[PDB]
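Enquirer: Sharing a structure with you now.
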Amino acid sequence: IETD
Amino acid sequence: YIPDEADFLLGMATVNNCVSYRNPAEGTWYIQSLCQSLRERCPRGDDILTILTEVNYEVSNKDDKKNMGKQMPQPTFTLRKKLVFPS
Amino acid sequence: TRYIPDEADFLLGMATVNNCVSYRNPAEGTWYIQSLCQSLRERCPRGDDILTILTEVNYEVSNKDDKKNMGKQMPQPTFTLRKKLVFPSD
Amino acid sequence: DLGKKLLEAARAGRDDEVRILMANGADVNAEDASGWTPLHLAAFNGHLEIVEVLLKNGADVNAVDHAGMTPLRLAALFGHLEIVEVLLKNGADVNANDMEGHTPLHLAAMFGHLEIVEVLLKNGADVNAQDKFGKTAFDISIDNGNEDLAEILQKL
Amino acid sequence: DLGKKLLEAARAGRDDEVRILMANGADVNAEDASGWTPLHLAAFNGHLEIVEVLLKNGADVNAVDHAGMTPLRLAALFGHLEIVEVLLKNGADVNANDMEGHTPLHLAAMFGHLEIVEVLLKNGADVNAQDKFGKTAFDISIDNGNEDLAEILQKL
Amino acid sequence: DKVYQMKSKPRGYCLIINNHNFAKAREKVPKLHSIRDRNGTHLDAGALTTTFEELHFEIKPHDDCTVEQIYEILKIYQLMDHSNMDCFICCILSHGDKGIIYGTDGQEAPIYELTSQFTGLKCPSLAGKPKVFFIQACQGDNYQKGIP
Amino acid sequence: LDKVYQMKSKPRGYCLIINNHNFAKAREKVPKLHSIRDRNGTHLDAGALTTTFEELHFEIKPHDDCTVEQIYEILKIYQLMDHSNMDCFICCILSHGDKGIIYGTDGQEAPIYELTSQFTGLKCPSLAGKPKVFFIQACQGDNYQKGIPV
């Protein structure tokens with residue numbers, strides 16, 4: 001999962 | 001006459017100061033939930049605030065376990081009417 | 001026990017969008033609150049949720065104007081409500 | 001749980017439930033999740049009769065909740081003069097410090113509760129008590145524009 | 001009104017309707033409330049055939065909408081190369097400045113539309129044309145990280 | 001679909017910070033020298049009281065709170081155990097500016113500072129429960145323009 | 001009953017999708033964004049938005065990897081154009097962001113308010129009285145929203  | 005800033009809906013993926021999450025394999029928590037909700041609820045005649053509430057609910061249930069992270073979308077609106085997206 | 005965002009379940013009913021005045025009639029109350037209360041009193045008994053209500057408030061307050069200053073008022077709810085907010089009787 | 005019921009009854013100002021609950025052995029010093037005792041709750045919500053009943057039933061007049069607050073702090077803050085008096089009459093520490101080192105006098109002063117300030121002073125409130133920010137009740141009354149109150153404190 | 005039908009047909013990309021409306025006298029230079037002509041709408045929405053038919057039917061190729069924009073600006077902005085070419089072939093003003101002093105070259109450069117930029121340049125686009133920021137297409141291409149484009153403009 | 005449980009008696013507190021008197025502001029804060037009292041605010045406080053009392057909230061009105069008082073009051077609500085409450089409502093009727101409401105002393109309370117006092121972390125007993133803040137205040141001096 | 005926005009026009013309106021994936025420019029151009037990552041997966045959002053809003057009869061208007069200037073320019077078109085025949089305008093921004101802003105792929109900042117304010121009744125009268133919806137999929141900072149048990 002990645003963050004914007 | 002209605003206010004200049006009436007009839008806005010701002011669907012923020014996250015409250016201020018915080019990350020919103022993007023799964024490279026699935027898209028973002030927020031947008032995916034939103035679309036899911038829209039697709040599921042618009043035909044039911046659910047209005048966007050109800051949908052965004054569901055989005056809030058859905059996204060709120062997601063976890064970035066690594067960072068014990070959550071994401072709290074936050075709609076803001078000056079909608080004066082129910083916003084529905086009918087057929 | 002599930003975990004929800006620290007900032008979940010908030011409803012912020014702003015009488016006005018940022019940068020702008022909200023109106024108060026010394027003889028009636030503020031557009032927003034009076035509209036809000038009227039709408040709550042009218043709609044809560046019908047089971048309307050707060051966002052529907054605040055939408056009506058937006059509508060009602062949006063229809064009001066400060067003729068002197070061609071003033072309008074745009075209340076602006078912000079929410080992290082994860083559920084319908086109703087205020088049922090009982 | 002009788003304590004919880006008592007907490008809510010006290011909180012809710014349900015005198016008869018309180019009396020009934022404590023006739024039924026309810027822990028007069030039950031603490032809710034915030035360390036509030038029924039006395040805190042009653043003090044906070046201005047339920048004098050309940051405060052009286054709780055105190056008569058051995059309520060810890062100096063119960064400190066999780067935030068370091070006493071029923072007196074609450075009574076003083078929220079301007080419940082009679083409750084302040086009853087608390088004080090029942091041995092409330094008039095100078096109990098909360099976590100900011102505010103005594104009830106600080107709070108009463110902060111909230112411009114002149115009669116409570118008077119009662120507190122009359123009950124030995126340390127007028128020079130400085131909170132953890134070095135502020136006296138007087139300083140707090142000034143910061144909060146309670147001049148009529150500042151006058152009293154200032155002269156102390 | 002036919003003009004509104006035509007505007008919508010042009011916007012919608014309904015070539016046959018556009019053709020039919022114009023056959024029925026539709027004002028090929030109808031303007032919507034934003035001064036957009038069918039040509040703008042077609043250029044905007046990348047409807048080449050409609051651009052062509054409108055042009056063939058005397059659409060003002062340099063119709064300026066209320067915001068001072070020409071179809072070519074829109075075509076350039078939105079990367080509609082063929083429309084750009086068609087517009088230019090039909091006398092589109094390569095030097096049309098919008099309210100920002102942006103020529104279509106600026107927009108093309110801004111949006112990294114290399115072929116469009118090349119076409120505009122081919123068609124007399126002022127490579128040294130500055131906008132209201134004094135920026136050339138080159139500067140804009142740098143600003144917008146359009147390296148290949150900037151490289152070409154740079155040689156100029 | 002999902003609806004916040006709203007059946008506790010009371011539903012929760014409806015804290016009303018009802019700021020009418022801005023003498024302190026006018027005295028203490030130069031730029032608020034002209035800030036006017038909020039005449040008619042009692043009608044809001046009253047309507048909110050009537051409305052929310054009717055909706056079974058326990059109305060906790062506080063008139064003319066300085067920012068510090070607002071904070072101290074809110075702190076109690078932040079600190080207290082809302083376990084038996086289904087909801088917390090806080091109405092601030094005050095003057096305000098961008099993102100803030102004014103204490104009667106003309107000090108600023110960032111709305112977010114106020115609301116954030118009731119996050120799940122700050123107020124676990126309200127976690128999962130609707131925390132409603134109605135802010136009746138200006139958020140600036142601009143007159144929202146009208147559109148036909 | 002609340003009034004309901006008219007939502008019957010075909011299309012309902014434009015659903016602009018600013019889909020920012022490539023932040024190479026940001027990484028190159030903005031020191032504090034030197035390590036800002038490309039937004040892999042954003043295409044899926046764009047697709048989801050596209051299909052969802054097509055279903056809702058919006059004309060989807062995707063723009064990928066927009067620098068801030070490009071965003072403003074695109075938005076300007078939508079701000080300026082005549083939405084009279086539209087019942088709604090939707091703008092989705094998928095990008096990185098920070099408090100109150102979204103990033104162009106160039107790492108420039110576009111305050112969300114700056115974006116949404118382009119569509120006020122004054123800015124865009126043809127949308128006056130019509131829902132203007134902005135979905136902003138961006139971070140609004142780098143804080144992890146904490147979770148609390150319920």
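Labels used: A, B, ... for chains in the order of the structure tokens, numbers from 1 for residues in each chain, and numbers from 1 for ligands as shown.
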Residue C:62: which residues within 8 Å, counting only C-alpha atoms, same-chain residues fewer than 6 positions away excluded, as a count of residues only?

Expert: 9

Enquirer: Once DSSP has gone over the backbone, tell me which residues of stretch 7-77 of chain B are in strand (DSSP E), as a ChimeraX atom specification.

Expert: /B:8-12,21-23,27-28,69-70,74-77

Enquirer: Quick one: DSSP alpha helix (DSSP H) residues in stretch 1-102 of chain D, as number ranges by chain?

Expert: D: 2-12, 15-23, 38-44, 48-56, 71-77, 81-89

Enquirer: Near chain G, which residues of chain B fall within 9 Å when you count only C-alpha atoms, and what do they look like as a VMD selection string?

Expert: chain B and resid 2 to 32 34 to 36 38 to 39 42 to 43 47 60 63 to 64 67 to 72 75 77 to 87

Enquirer: With C-alpha atoms retained, export the selected residues as a PDB file, in the first residue's frame.

Expert:
```
ATOM      1  CA  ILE B   2     -28.112  31.430  -4.456  1.00  0.00           C
ATOM      2  CA  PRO B   3     -24.650  31.786  -2.930  1.00  0.00           C
ATOM      3  CA  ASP B   4     -21.645  31.865  -5.226  1.00  0.00           C
ATOM      4  CA  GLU B   5     -20.276  28.787  -3.508  1.00  0.00           C
ATOM      5  CA  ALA B   6     -23.524  26.871  -3.316  1.00  0.00           C
ATOM      6  CA  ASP B   7     -23.878  23.435  -4.812  1.00  0.00           C
ATOM      7  CA  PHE B   8     -20.361  22.267  -4.227  1.00  0.00           C
ATOM      8  CA  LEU B   9     -19.480  18.870  -3.051  1.00  0.00           C
ATOM      9  CA  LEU B  10     -15.901  18.315  -2.130  1.00  0.00           C
ATOM     10  CA  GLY B  11     -15.087  14.695  -1.573  1.00  0.00           C
ATOM     11  CA  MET B  12     -11.697  14.605   0.114  1.00  0.00           C
ATOM     12  CA  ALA B  13     -10.020  11.203   0.257  1.00  0.00           C
ATOM     13  CA  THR B  14      -8.658  12.266   3.597  1.00  0.00           C
ATOM     14  CA  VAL B  15      -9.002  14.839   6.290  1.00  0.00           C
ATOM     15  CA  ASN B  16      -6.270  17.456   6.383  1.00  0.00           C
ATOM     16  CA  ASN B  17      -2.710  16.621   7.432  1.00  0.00           C
ATOM     17  CA  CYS B  18      -3.072  12.984   6.556  1.00  0.00           C
ATOM     18  CA  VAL B  19      -2.163  10.574   3.858  1.00  0.00           C
ATOM     19  CA  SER B  20      -4.715   8.895   1.738  1.00  0.00           C
ATOM     20  CA  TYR B  21      -3.908   5.450   0.552  1.00  0.00           C
ATOM     21  CA  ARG B  22      -3.345   4.135  -2.867  1.00  0.00           C
ATOM     22  CA  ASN B  23      -3.019   0.481  -3.561  1.00  0.00           C
ATOM     23  CA  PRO B  24      -0.982   0.236  -6.757  1.00  0.00           C
ATOM     24  CA  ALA B  25      -2.882  -2.955  -7.526  1.00  0.00           C
ATOM     25  CA  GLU B  26      -6.382  -1.699  -6.793  1.00  0.00           C
ATOM     26  CA  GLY B  27      -6.440   2.064  -6.827  1.00  0.00           C
ATOM     27  CA  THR B  28      -7.008   4.337  -3.899  1.00  0.00           C
ATOM     28  CA  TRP B  29      -9.065   3.466  -0.882  1.00  0.00           C
ATOM     29  CA  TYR B  30     -11.151   6.510  -1.408  1.00  0.00           C
ATOM     30  CA  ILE B  31     -11.760   6.502  -5.127  1.00  0.00           C
ATOM     31  CA  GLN B  32     -12.360   2.766  -5.240  1.00  0.00           C
ATOM     32  CA  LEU B  34     -16.455   5.973  -3.933  1.00  0.00           C
ATOM     33  CA  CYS B  35     -16.905   4.280  -7.261  1.00  0.00           C
ATOM     34  CA  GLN B  36     -18.048   1.084  -5.641  1.00  0.00           C
ATOM     35  CA  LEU B  38     -21.680   5.147  -6.539  1.00  0.00           C
ATOM     36  CA  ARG B  39     -22.075   2.115  -8.751  1.00  0.00           C
ATOM     37  CA  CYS B  42     -26.802   5.527  -7.416  1.00  0.00           C
ATOM     38  CA  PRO B  43     -29.132   3.012  -9.096  1.00  0.00           C
ATOM     39  CA  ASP B  47     -27.824  10.657  -2.873  1.00  0.00           C
ATOM     40  CA  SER B  60     -12.640   4.114   7.743  1.00  0.00           C
ATOM     41  CA  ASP B  63      -6.097  -0.161   7.631  1.00  0.00           C
ATOM     42  CA  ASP B  64      -2.514   0.616   6.797  1.00  0.00           C
ATOM     43  CA  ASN B  67       1.766   2.402  10.109  1.00  0.00           C
ATOM     44  CA  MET B  68      -1.285   1.539  12.163  1.00  0.00           C
ATOM     45  CA  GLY B  69      -2.685   3.947   9.633  1.00  0.00           C
ATOM     46  CA  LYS B  70      -6.251   4.819   8.846  1.00  0.00           C
ATOM     47  CA  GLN B  71      -7.805   7.062   6.328  1.00  0.00           C
ATOM     48  CA  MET B  72     -10.697   9.330   6.972  1.00  0.00           C
ATOM     49  CA  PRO B  75     -16.730  15.380   2.288  1.00  0.00           C
ATOM     50  CA  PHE B  77     -20.542  20.344   0.804  1.00  0.00           C
ATOM     51  CA  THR B  78     -22.680  23.313   0.036  1.00  0.00           C
ATOM     52  CA  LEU B  79     -25.134  21.166  -1.864  1.00  0.00           C
ATOM     53  CA  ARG B  80     -28.578  22.684  -1.439  1.00  0.00           C
ATOM     54  CA  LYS B  81     -30.338  19.707  -2.869  1.00  0.00           C
ATOM     55  CA  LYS B  82     -29.992  15.988  -2.785  1.00  0.00           C
ATOM     56  CA  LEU B  83     -27.437  15.084  -5.335  1.00  0.00           C
ATOM     57  CA  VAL B  84     -28.474  11.879  -6.994  1.00  0.00           C
ATOM     58  CA  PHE B  85     -27.036  10.358 -10.141  1.00  0.00           C
ATOM     59  CA  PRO B  86     -30.010   8.595 -11.755  1.00  0.00           C
ATOM     60  CA  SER B  87     -30.186   6.595 -14.973  1.00  0.00           C
TER      61      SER B  87
END
```

Enquirer: Using only C-alpha atoms, I'd like every residue of chain E that has an atom within 12 Å of chain G; please write them out as a PyMOL selection string.

Expert: chain E and resi 4-5+7-9+11-12+31-38+40-41+44-46+65-71+73-79+98-100+102+106-113+140-147

Enquirer: If you keep C-alpha atoms, can you produce a file of those selected residues as a short mmCIF file (atom, residue, chain, number, x, y, z; two decimals), in the first residue's frame?

Expert:
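In the end it all went to result10.cif:
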```cif
data_model
loop_
_atom_site.label_atom_id
_atom_site.label_comp_id
_atom_site.auth_asym_id
_atom_site.auth_seq_id
_atom_site.Cartn_x
_atom_site.Cartn_y
_atom_site.Cartn_z
CA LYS E 4 -28.02 25.57 -29.96
CA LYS E 5 -28.79 22.26 -31.64
CA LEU E 7 -23.57 23.72 -30.69
CA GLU E 8 -24.68 20.56 -28.93
CA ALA E 9 -24.24 18.41 -32.03
CA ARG E 11 -19.98 19.28 -28.83
CA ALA E 12 -21.48 15.80 -28.89
CA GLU E 31 -22.10 30.78 -29.92
CA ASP E 32 -23.09 29.29 -26.61
CA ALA E 33 -23.14 31.40 -23.46
CA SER E 34 -19.36 31.14 -23.24
CA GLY E 35 -18.98 32.37 -26.78
CA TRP E 36 -17.95 28.92 -27.87
CA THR E 37 -18.85 28.16 -31.43
CA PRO E 38 -19.52 24.70 -32.73
CA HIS E 40 -14.69 25.52 -30.41
CA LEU E 41 -16.75 22.64 -29.13
CA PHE E 44 -12.40 21.06 -27.63
CA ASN E 45 -13.88 17.58 -27.93
CA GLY E 46 -11.57 16.48 -30.71
CA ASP E 65 -15.02 32.86 -27.37
CA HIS E 66 -15.79 35.09 -24.40
CA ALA E 67 -12.48 34.17 -22.81
CA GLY E 68 -10.54 35.16 -25.90
CA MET E 69 -9.95 31.57 -26.95
CA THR E 70 -9.93 30.24 -30.46
CA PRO E 71 -10.67 26.71 -31.53
CA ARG E 73 -6.11 27.19 -28.72
CA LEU E 74 -8.46 24.47 -27.58
CA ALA E 75 -7.22 22.06 -30.20
CA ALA E 76 -3.64 22.83 -29.24
CA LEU E 77 -4.36 22.61 -25.54
CA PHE E 78 -6.23 19.35 -25.77
CA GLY E 79 -3.67 17.80 -28.07
CA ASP E 98 -5.70 34.05 -25.27
CA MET E 99 -6.23 36.26 -22.23
CA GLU E 100 -2.89 35.04 -20.85
CA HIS E 102 -0.71 32.33 -24.60
CA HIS E 106 2.29 28.05 -25.59
CA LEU E 107 -0.58 25.71 -24.83
CA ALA E 108 0.80 22.95 -26.97
CA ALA E 109 4.20 23.41 -25.34
CA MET E 110 2.58 23.58 -21.96
CA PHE E 111 0.77 20.32 -22.50
CA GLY E 112 3.78 18.75 -24.14
CA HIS E 113 2.06 18.31 -27.46
CA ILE E 140 6.56 26.94 -20.56
CA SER E 141 7.80 23.60 -21.81
CA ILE E 142 10.56 23.71 -19.22
CA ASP E 143 8.09 24.74 -16.53
CA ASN E 144 5.89 21.83 -17.43
CA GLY E 145 8.76 19.37 -17.71
CA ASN E 146 8.19 18.80 -21.39
CA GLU E 147 11.80 17.99 -22.11
#
```

Enquirer: With chain E laid on chain D by least squares, using all C-alpha atoms in order, how large is the RMSD?

Expert: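 Chain D versus chain E: RMSD of 0.4 Å.
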